[PDB]
Amino acid sequence: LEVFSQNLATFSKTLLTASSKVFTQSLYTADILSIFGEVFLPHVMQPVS
Amino acid sequence: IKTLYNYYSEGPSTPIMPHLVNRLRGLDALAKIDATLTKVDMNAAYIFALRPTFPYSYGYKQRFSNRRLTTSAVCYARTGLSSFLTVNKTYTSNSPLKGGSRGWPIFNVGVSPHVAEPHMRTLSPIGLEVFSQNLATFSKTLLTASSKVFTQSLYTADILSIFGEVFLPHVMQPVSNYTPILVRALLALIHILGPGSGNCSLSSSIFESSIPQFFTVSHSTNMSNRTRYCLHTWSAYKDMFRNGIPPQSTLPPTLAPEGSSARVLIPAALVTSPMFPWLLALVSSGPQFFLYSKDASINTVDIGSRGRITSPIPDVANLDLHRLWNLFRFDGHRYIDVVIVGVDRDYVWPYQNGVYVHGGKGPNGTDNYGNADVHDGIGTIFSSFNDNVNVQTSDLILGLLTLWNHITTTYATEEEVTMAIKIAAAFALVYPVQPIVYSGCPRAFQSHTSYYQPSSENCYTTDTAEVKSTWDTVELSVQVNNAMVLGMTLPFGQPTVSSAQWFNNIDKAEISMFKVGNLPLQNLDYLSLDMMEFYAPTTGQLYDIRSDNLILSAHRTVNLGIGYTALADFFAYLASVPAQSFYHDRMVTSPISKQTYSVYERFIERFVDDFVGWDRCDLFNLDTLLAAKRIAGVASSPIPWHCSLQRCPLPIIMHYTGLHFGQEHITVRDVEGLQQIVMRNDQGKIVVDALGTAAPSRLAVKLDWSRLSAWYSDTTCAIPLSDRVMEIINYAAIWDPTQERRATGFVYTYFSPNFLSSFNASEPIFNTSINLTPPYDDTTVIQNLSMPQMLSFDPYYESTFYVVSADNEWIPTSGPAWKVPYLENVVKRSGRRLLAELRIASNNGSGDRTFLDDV
Amino acid sequence: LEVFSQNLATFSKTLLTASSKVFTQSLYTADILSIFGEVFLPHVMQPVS
Amino acid sequence: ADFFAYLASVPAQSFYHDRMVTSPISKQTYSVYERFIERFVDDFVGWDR
Amino acid sequence: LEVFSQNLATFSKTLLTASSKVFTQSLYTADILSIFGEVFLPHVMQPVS
Amino acid sequence: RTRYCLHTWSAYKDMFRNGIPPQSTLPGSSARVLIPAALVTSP
Amino acid sequence: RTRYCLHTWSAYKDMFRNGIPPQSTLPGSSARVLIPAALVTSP
Amino acid sequence: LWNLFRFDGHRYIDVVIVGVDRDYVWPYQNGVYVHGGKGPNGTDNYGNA
């Protein structure tokens, strides 16, 4: 949902609501966010499977 | 709401400008919703957008026809040069070529003193925080949008400092306007591809087979409107303003753009975009490079008078095919500081090798380059624009297609696009000199004329396979070439006095102080701020497919340019503006040219303010009209000044104005509008004694527009092909009592037989297999699309003249006694019909009239 | 229908995500739609046969 | 078509090899045969004549 | 009118932004207005002719 | 006769920059038909 | 007669510190007129 | 009568010309060089006023 907010609205620090760096090399940092926003935009816009 | 049927059904009203402007607005609205631009093939949507065809049905009538078999068909007018054929740069030999001009005109456009009015905009969440910084005393709660999660992005605190330092006016008053760059984009696309009818030379026989697929880039220092570029990173650019203010400083912001010393902020992620070189263009001064067709042999074609298509024109070897891109000169920003934001000290310029960004990577491994080198022209950078570079049409327009896709979707509103289309329509097309054919006078009035012999002017064709029309008697000498080069016009009729000439091994351009128009500058601050996401986007869409794409927009501006040309021709036949007032010798032949220009500009200035909404003097001026020079050894043809500024044929004018010239206005039967004209000589013997009918006054046409319809088909005759004798001369003449010798003939602006043969195809493609032969051909007439004779021969003096019979047995009120043309517009392109005109004898029995009379 | 409701959706460009790829990369890009969606975009916009 | 040719009085010799050299009456008969065919095609087929 | 409503606007000086340039730099500065706005400021304040 | 050019989807994609044009170009290539591999074997 | 001095906007700006004074100085320079380049060519 | 009158106007005038390049040519008198425009011997950015 935060990636959806990134792709839907102009950037703001309040949009970053779920990411964290407490856990290292996990699926919850900002580079995973960039991955989701870069190579999976269709599935962010239309979550379907 | 309205359709082409409704527009073709209705005619002009007594207030013409309130009627013509509304009709043009409705035609533009129709052009908006016309499809045939997205799903169709690439070089068919382009050809439909840039070379629109106007259907029409011709036909002529005769008095005593016995089983006369005629063909009712549909033709497609089209006008406008799609390109220009000149001699190649390495010709020498100083000899004429069949269709090769020694030089081409330059329609130079200046910088408008007016500034496009910007409209309101809203700031991004980061921009609102900069507003809070500039509006309130500092607090840590004011910093609400910035973050350091994303490195070297547009959302950290240094970007905030940039916004607060060099863009404070735009933070306080968020405002933007984008019509200048849209105008330049539309003009660039249209000139690169070429609008019009496909004719690509001073001769009306050579055409362009289709839109070119390959271009070549050529460089010429002498005749290039180049601009200077400097490249910096943001750090070095800011550092160069620390020890005082250097000369030519771009640091202060701009609200009213000024020509020199501009600057643009370009993010690093957008430098690599294909739209960046086109964005540096369309705001700079142009053309910084010349665009040619890669091959002029597989693209140029020849059309005969009968419709014979010969592909290789006789002199393919020594000819270049300039696009309209090389015939236009634009003045924009002359010095641009391209400053890249979010870049370290080893940037490396991506496009051109050997070009180093100030503050970036140095020549040989060094970092933080300390030189702000100035590059002359956009070809020294952007390796795609180097000399002798061969480009495919897709790999050259794509960036443009990208740029227009972004601005019209993210940055600009629909009103800006509409204004851009309306403004760009003024420079959309280029038209050659107007040719005319004087029919002469009947032998009965040989002693009462100053213009007895038939003549022709500006009638040039190069086809040799078929028979050449006798009217075309133009030989392309140097003097004639220059005289016709000084004769091309724009949609509003403005000529140019600037020219270029590249041959032997020398390129030389003469650019006069007078310009054909002016264009507004693009404020680069709006571009920079939009490109850093400082403004909120206008729309969240990604594609302009469903709203104002580049091809549909360009189609709209081409339609509006042809409409401007048609309305200008109509205004010429409203103020009695002669064609000869727009030739090379317009400033010395007669002092009445200024008087005609007064009324013509009165019409144009009312049209522009009522429809375009821009300053009139920026789109049309008398500066180039009044700066005529005359070549030297070029003499004017002995033709009376009786025809207007017709640039497009009659069907286009009727389409854009509602003029009706059908067969209902041709009289066949008959109470006293006749007058006997009597003239005696010094011996008291009557020497004329002929019947005549008074030509209508412009007031009468104003109160009844069918008077103009009847005035046509009373003075109009079909143009003969093999002989210089018309069938109207044997019966009628023009009698002007205020003239010393009171008899004359008809002037009849004349296009070509080859040009009208090109009208047969429904799409402007002619390679080998297109059949341009006339429909149902049986046996010598070149078709009359010429507009009637002017209702007045003086721009200010109102006097009455007559159409006078010449034989004895013809009564002018009984109807014309020759081949009398008639026209219709026709929406649905139908096929050939073989019709028969017969006598009515009360025993006329035909199967169709007997059994097919139900409907 | 997925492609149609996709290209019709409102995005906010922003170089963080891939929506900005229609600007930084040619407008005939397949990183927001699919390759087939990019190819059949004109016909997806006007479905006729 | 044969019935229309009878109705429009179209001779059978207007469709031979010498239809154009014999006498111009062939085109005069075509000028009515075409009307008959055009009406029939515009009333039944619905395609361009 | 842009220049007039500009110089009439309330700012908070603060050396972070450019409004403070009328203090740290001569009061005839063109970093808040434009150069033309700075030049025509007295006449923008009182438009007469 | 008419000219036919046979490719694969992966090979046809690699001809152009990275994707194939929405509108087919001029030169063969005047027309383009996309056939799933399951329909090619049909009579 | 009167004395005329012709400059350009960019060159006229560089005479002073960085901007040109709102009030013209004493010495020529007793009066100043700003003309857009499109109006200079007018008769 | 032009010669019979004497008027007192401005004695010193600065013609500025805004929106022009560094190769500007004075279009009214040969041999007259605009400061910041075309120089005497084809030069650019003329330095003397």
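When F:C5 is tested against the conditions (1) hydrophobic (A, V, I, L, M, F, W, C); (2) more than 22 Å from C:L27 (Cβ to Cβ); (3) within 14 Å of chain B (Cβ to nearest Cβ), the lone failure is (3). Would you confirm whether any residue within segment B:749-768 is closer than 25 Å to B:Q446 by Cα and either touching a helix residue (DSSP H, G or I) at 6+ places or on another chain (Cβ under 7 Å) or surrounded by 17 or more Cβ atoms within 10 Å (Cβ to Cβ) (or both)? Yes, there is a match, as at least one residue in segment B:749-768 is closer than 25 Å to B:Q446 by Cα and either touching a helix residue (DSSP H, G or I) at 6+ places or on another chain (Cβ under 7 Å) or surrounded by 17 or more Cβ atoms within 10 Å (Cβ to Cβ) (or both). Taking segment B:195-214 as the range and being surrounded by 23 or more Cβ atoms within 10 Å (Cβ to Cβ) and either hydroxyl-bearing (S, T, Y) or assigned to a strand (DSSP E or B) (or both) as the test, the residues that pass are B:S197, B:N199, B:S201, B:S203, B:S204, B:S205, B:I206, B:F207, B:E208.
Quick check on this structure: which one of G:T41, G:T8, G:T25 is over 12 Å from the mean Cα position of the chain (by Cα) and not hydrophobic (A, V, I, L, M, F, W, C)?
After ruling out the rest, the residue left standing is G:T41.
For segment B:540-566, residues that are hydroxyl-bearing (S, T, Y) and outside any helix (DSSP H, G or I) total 2. Picking from residues in segment B:159-184 that are away from chain E (no Cβ under 11 Å) and in a helix (DSSP H, G or I), the one that is surrounded by the fewest Cβ atoms within 10 Å (Cβ to Cβ) is B:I159. Pairing each residue of segment B:777-801 that is of a type in the set (A, V, I, L, M) with any residue that is surrounded by fewer than 20 Cβ atoms within 10 Å (Cβ to Cβ) and not in a loop (DSSP other than H, G, I, E, B), provided the two are 6+ apart or on different chains, yields C-beta distances under 6 Å for B:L791/B:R698. Scanning segment A:1-39 for residues that are away from chain C (no Cβ under 14 Å) and either of a type in the set (S, T, Y) or in a helix (DSSP H, G or I) (or both), we see that the one that is farthest from B:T538 (Cα to Cα) is A:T24. On the stretch given as segment B:567-586, residues that are assigned to a helix (DSSP H, G or I) and of a type outside the set (S, T, N, Q) total 11. Of all residues being part of a loop (DSSP other than H, G, I, E, B) and aliphatic (A, V, I, L, M) in segment B:759-789, which is nearest to B:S469 (Cα to Cα)? Just the residue, please. It comes out as B:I782. As a summary of the residue check, H:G36 satisfies the conditions (1) over 21 Å from G:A37 (Cβ atoms); (2) touching a strand residue (DSSP E or B) at 6+ places or on another chain (Cβ under 8 Å) except for the one numbered (1). Just one residue in the set B:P253, B:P257, B:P246, B:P277 is assigned to a helix (DSSP H, G or I) and not small (G, A, S); that residue is B:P277. Residues of segment A:40-49 that are within 9 Å of chain C (Cβ to nearest Cβ) and surrounded by 12 or more Cβ atoms within 10 Å (Cβ to Cβ): A:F40, A:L41, A:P42, A:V44, A:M45, A:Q46. Would you call A:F36 over 8 Å from the mean Cα position of the chain (by Cα), on the phi < 0 side of the Ramachandran plot and buried (at least 16 other Cβ atoms within 10 Å of the Cβ)? Taking the combined requirement at face value, the residue does not satisfy it. Reported count of residues in segment B:515-538, each being more than 22 Å from G:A38 (Cβ to Cβ) and assigned to a loop (DSSP other than H, G, I, E, B), is 6. Note on segment B:215-243: among residues that are outside any loop (DSSP other than H, G, I, E, B) and within 27 Å of the chain's Cα centre (by Cα), the one that is farthest from G:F16 (Cα to Cα) is B:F215.
Every test in (1) under 29 Å from B:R226 (Cβ atoms); (2) in contact with a helix residue (DSSP H, G or I) (Cβ under 8 Å, 6 or more places away or on another chain); (3) not in a helix (DSSP H, G or I) is passed by B:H406 save one, and that test is (3). Taking segment B:600-649 as the range and being aliphatic (A, V, I, L, M) and part of a helix (DSSP H, G or I) as the test, the residues that pass are B:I604, B:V608, B:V612, B:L625, B:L626.
Among the residues here, F:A31 qualifies as surrounded by fewer than 10 Cβ atoms within 10 Å (Cβ to Cβ) and within 13 Å of chain B (Cβ to nearest Cβ).
The set of residues from segment E:10-24 being farther than 13 Å from B:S161 by Cβ and exposed (fewer than 15 other Cβ atoms within 10 Å of the Cβ) comprises E:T10, E:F23, E:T24.
Heads up, the Cβs are rebuilt from the backbone with ideal geometry, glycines too, and the neighbour counts pull from every protein chain shown. Values in this text are rule-based calculations from the coordinates and carry no lab data.
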